[PDB]
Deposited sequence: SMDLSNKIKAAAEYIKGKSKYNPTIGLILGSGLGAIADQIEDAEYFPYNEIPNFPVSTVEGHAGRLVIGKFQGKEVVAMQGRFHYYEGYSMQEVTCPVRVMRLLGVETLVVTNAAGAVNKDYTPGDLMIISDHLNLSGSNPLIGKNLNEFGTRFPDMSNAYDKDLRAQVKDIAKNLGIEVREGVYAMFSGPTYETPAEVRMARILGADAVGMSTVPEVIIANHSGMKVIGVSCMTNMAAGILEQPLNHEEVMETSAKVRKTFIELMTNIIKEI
């Protein structure tokens, strides 16, 4: 089965066991899994039961949310754990076949812009791929998109205006800047963070960019919000630590959920 058939086999499996035509995809990262656990009349598809899914826990949650039919990944597949870029982004392809037209991606990142504070929410206006790989390398899947997809509106400008307008109505302070993905799993060095600032990055992370590339190629609109869980490694004298990342993510979590619940109602 070519990668093309393997994607379709996973989609026909879910479609044959689903009452839903989900229109919004959710890749929740910054501890926003609580959003998935509030989906109504949910169907659950764990990854190990879906054919051709990446192996080794997480699950797909499909159901109702603020009048929208959604599908959400609980756990994410990461490039630093050893998965290929094709395995990392396969759930996005299956999402397209389930009917997804708008993808909402959230993550946790380190603030490179010295004007940010941990806890801030940065709408992703653009990204820099600094990992050394590309998920579209290989034979093009013509049933999904063109060989040379455009990336001038990777994070839909009109959707970004909607988030800003929604955040203003709710009184939620929001930032907007360029996200940069490193492969990981090492935290960046102080010199690499200064390099990221020079290249134009406002935040650094280890995800998001692969699925945003595939979602655009598959004909989806993409909206991305990154939660600054820490200052990037070079800016403060304290060492970076993942227990600190989850903690800061948990502090501003409720505001993040409120912002993300309102956009899905209004998309």
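Missing from the model, by position in the deposited sequence, are residues 1, 58 to 62.
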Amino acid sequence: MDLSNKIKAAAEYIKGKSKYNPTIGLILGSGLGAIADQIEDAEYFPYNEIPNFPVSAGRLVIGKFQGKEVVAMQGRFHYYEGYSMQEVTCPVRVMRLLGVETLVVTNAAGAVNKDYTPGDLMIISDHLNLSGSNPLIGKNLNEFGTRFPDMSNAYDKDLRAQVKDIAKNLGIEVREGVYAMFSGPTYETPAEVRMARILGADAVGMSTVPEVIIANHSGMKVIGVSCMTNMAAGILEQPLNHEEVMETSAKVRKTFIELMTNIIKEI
From here on, numbers count along this sequence of modelled residues.
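Taking the PDB entry as given, 114 to 122 carries the higher mean Cα B factor of the two stretches 114 to 122 and 79 to 87. Once the C-alpha B-factors are averaged per stretch, 145 to 153 and 104 to 112 rank with 104 to 112 first.
Of the candidates 200, 33, 205, 210, the deposited coordinates give 33 the top C-alpha B factor. Comparing the C-alpha B-factors of 232, 225, 222, 28 in the entry, the top value falls on 28. In this PDB entry, residue 128 carries a Cα temperature factor that places it within the lowest third of its chain's modelled residues.
When the modelled residues of the chain are ordered by C-alpha B-factor, residue 73 sits in the highest third. Among all modelled residues in this chain, the alpha-carbon of residue 62 has a temperature factor (C-alpha) in the middle third.
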